[PDB]
């Protein structure tokens, strides 16, 4: 996250870190057994880390649970990033508490102008590289589909939305991928892609979670 703020420990209780020896992507806890992330974060050997603030220090609220199964969206296309969503099942159920909590799925899509919270352990610099140990947060609005499409000609599908600031300086970034965009208490986006980070006229692009609620629910119901 570039241009954000330190969230505070366990203030984003649905945020997970995906670990394969190291943090590599975010995700969102949606029930005691399942995490939502980006399909481009897929890899074998995932350990889901819940209850994290400093990802390099054991602080006392963590739950580390290996993934039993990952399900990339049936129609994910890694070239275009269309349908950049996956589900990860935990080998054991998380113990839910005030610091480890699921986030609700949306019932309808969000609208441009809606304020959201974006979070992660990704790069905090737009030129250069600095990875934080503690969780970072950014409040940002959803942008109109027309402004999104104009910013990224030929690239924005109906399964994507833009959020952030056209002036630059405030965005998600590499290492935030897979993490949450939460608006009014609902998971509306997944950190997906963008041109660099925090660049003028290049807002963040996010997977449009509302399009996937039926798939998520049916997948969980049979897995």
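Positions refer to the first chain, counted from 1.
The PDB entry reports B-factors from which the mean C-alpha value can be compared for 10-18 and 195-203; the larger average falls on 195-203.
Of the two stretches examined, 175-183 and 162-170, the record assigns the greater average C-alpha temperature factor to 162-170. Across 89, 149, 139, 73, the greatest Cα temperature factor reported in the deposited entry is at 149.
As recorded in the entry, 33 carries the highest CA temperature factor of 33, 47, 28, 56.
Split the chain's modelled residues into thirds by C-alpha temperature factor. Residue 155 is in the highest one.
Residue-level temperature factors show residue 69 in the middle third of its chain, judged at the C-alpha atom. The deposited CA B-factor of residue 1 belongs to the lowest third of values across its chain. In the PDB entry, residue 113 places in the highest third of its chain by CA B-factor.
Residue-level temperature factors show residue 81 in the lowest third of its chain, judged at the C-alpha atom.
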